[PDB]
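Starting off, we have a lone chain in the form deposited in one PDB entry, written out as structure tokens.
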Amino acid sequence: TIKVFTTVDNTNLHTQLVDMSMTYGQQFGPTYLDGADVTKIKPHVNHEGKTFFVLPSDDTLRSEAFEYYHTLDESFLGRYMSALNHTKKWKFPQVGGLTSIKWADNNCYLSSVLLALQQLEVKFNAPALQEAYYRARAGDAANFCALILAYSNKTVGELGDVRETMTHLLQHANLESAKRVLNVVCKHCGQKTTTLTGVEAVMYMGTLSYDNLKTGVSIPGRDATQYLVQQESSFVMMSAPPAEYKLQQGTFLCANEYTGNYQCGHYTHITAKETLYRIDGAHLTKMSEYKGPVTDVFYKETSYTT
């Protein structure tokens, strides 16, 4: 018999003295060693002292997994481990001063997600994401990418949408202080006011222009427009179907270009430092001008009132 450690939250290590006659599955249920499914393998002698990931089998483990991941999906833990076995073989090079992801398994949309996050003043509620994000910013992003796939209920190799991915992640970001309030104008609504809090206070679908939200957008049974009267957030994400759109330095924080069609496309990240950057995985292109099909644009924000 050997002494190992089981854990669900990478934080609390539960000492376990394991019988060498039963498999790991017999003793804790499905078990993992650095991503490897060790459920149906007898414990080797050199496995002593190592730590293994297990699913919550009791209520203390269920408490630790909930406080660490802020989820109750038990398939979450399973899917997280399954994704990790792939993402720890991805490459995370520094591109444009930021951590990118080398092309693999249709990861382009995930790369655009990771690049924009590194430039937004945002931090997560769930300790799992916040701790994995701190390592992602340092180039060790395998755990963070696997968590994103797990939180989004996506698998390695699946084509993705950047906006949908951000909406799932920002559910665990501290947007408690984010508030957006709009004045809707119809000819018989009086002065009607719409207030958004949370993920919907910093996200919008319809146009890539933050100025158009301040200028006035239309809303879908009769004619009605809507303009922003107050914004309180560290950033705003403007989204729209892929439209040809020019990006000017100093007028935006970052953006995603989407080439291709509705069925199959290619995401590409765009930023600006001394000049405009085009970050496509491990690839980088510098440019004085950009004009192309953009789906999401990020803007720096602090306080805005009309």
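Only the largest set of C-alpha atoms that superpose within 1.5 Å between the two forms is called the rigid core. Position 1 is the first residue in the sequence shown; the rest follow in order.
The next section is about a form of this same protein that is not shown, the form deposited in another entry.
Undergrad: For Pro241, is the CA shift between the shown form and the other one at least 2 Å following rigid-core superposition?
TA: No; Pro241 is a residue whose C-alpha shifts by less than 2 Å between the shown form and the other one when the cores are overlaid.
Undergrad: Could you tell me whether the Cα atom of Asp59 shifts by at least 2 Å between the shown form and the other one after core superposition?
TA: Comparing forms between the shown form and the other one, the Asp59 CA shifts below 2 Å.
Undergrad: Once the two forms are fit on the core, has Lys50 moved its CA by at least 2 Å between the shown form and the other one?
TA: After core superposition, the C-alpha of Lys50 moves 2 Å or more between the shown form and the other one.
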